[PDB]
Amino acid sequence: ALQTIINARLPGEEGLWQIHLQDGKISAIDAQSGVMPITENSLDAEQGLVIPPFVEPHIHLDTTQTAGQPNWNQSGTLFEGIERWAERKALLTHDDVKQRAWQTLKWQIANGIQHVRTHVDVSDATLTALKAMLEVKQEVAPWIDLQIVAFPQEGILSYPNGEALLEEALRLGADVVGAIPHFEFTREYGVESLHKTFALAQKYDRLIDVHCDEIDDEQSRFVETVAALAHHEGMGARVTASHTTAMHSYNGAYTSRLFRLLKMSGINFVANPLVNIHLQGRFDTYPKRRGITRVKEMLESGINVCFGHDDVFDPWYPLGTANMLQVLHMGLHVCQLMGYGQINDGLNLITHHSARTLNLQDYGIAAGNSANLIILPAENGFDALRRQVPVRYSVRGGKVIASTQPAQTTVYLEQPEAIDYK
């Protein structure tokens, strides 16, 4: 067994620390007088940083790893992604889905991610991918806690039987209800689709997560309905609005009006930098807008926002290794969160704020919580973000589920020298 972690730094804390493990929980965290000797049963942090595991609050595991089949997203738009997907969605099998989802899931474990929320397209009479993904959830449970969103990719009112299909998906056991109002045929459909979604969530006691205004249209304002419904139902914390990239193009007077409500409703926001930068601004020429939602202003106002990866190697996004520090990296740049303080706090955007978004209770390095945690070979958030460090150890329920032996770089000058980039 493991009974202690030694020589660990904690975010915003002086010196080193020792973390006591008992029965898959954290029993105690005590300061150190300094470096301790490596004992058996203890895991050596080696003065690395200890934080709770990375969260991925937005990913599509049913589409993952399918890039270039049958065809490519030539235009690289959010709308042609959906055309390409519908072609490939016709060739989905139970085995195919599980095979691909497991691959990405493995990368995620390797990268210190122990919590994941995956959207699954339920605009399909057969519900192949949703049913397969409900199994993957149970299969992967020992390493990752997977939440499944029933995601009506082709609309609730705009797809034949979409409302029925969404409901069946909840009956079967999807944890979260999704919607996509800006894709519905009309504005009125969009608005009503959100009443339905909310009624479903209340009927089944489930969370909500909308693809909300993912479009460079300053008239796409469905987020206000999401926030208003949540507030009316008192269900704030259970509600997430994903993307809201339209907000990047709102006029400032409306945005300021809107923010009052967003703060009162207590809903959550996910931005997806890697994908947003790639797919937004595609209808601009020059100049060309960035297209990420208003992260910086949300942080200032204390509105919970976090970062997802959204797509790993599929029609919508041809790259990725499910790496959250890489996502955070693109986010700080594009959102211009480049002060020292801002970059160092950036970890919260892939840890604590994401956990708040998934509505987790058992989360954080504190006594009484499960021994779920990761160790980074780095001094602080800034250092880890700057050097794009891998995850040294991933500990789940008191057991090491993954470990990375760091790369080693040598330059041969007048004599050999180790390079660490510090």
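Residue numbers here begin at 1 and follow the sequence given.
Next item on the list: Determine, for stretches 254-262 and 311-319, which one has the higher mean CA B-factor as deposited.
Entry: Taking the mean B-factor of the alpha carbons in each, 311-319 is higher.
Next item on the list: Quick one: say whether 63-71 or 46-54 has the higher mean Cα B-factor in the deposited entry.
Entry: Averaging CA B-factors over each stretch, the winner is 63-71.
Note to self: Lowest, middle or highest third: which one holds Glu135 when the chain's residues are ordered by CA B-factor from the entry?
What the structure shows: Middle third.
Note to self: Going by the CA temperature factor in the PDB record, which third of the chain does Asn268 belong to: lowest, middle or highest?
What the structure shows: It belongs to the lowest third of the chain when residues are ordered by C-alpha B-factor.
Notebook entry, point to check: Which third of the chain holds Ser354 when residues are ordered by C-alpha B factor: lowest, middle or highest?
Noted result: Its C-alpha B-factor belongs to the lowest third of this chain's values.
Next item on the list: Tell me, lowest, middle or highest third: where does the Cα B factor of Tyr204 rank within its chain?
Entry: Middle third of the chain for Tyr204's C-alpha B-factor.
Item checked: Cα B factor band for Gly331 (lowest, middle or highest third within the chain) -> Lowest third, going by the recorded CA B-factors of the chain.
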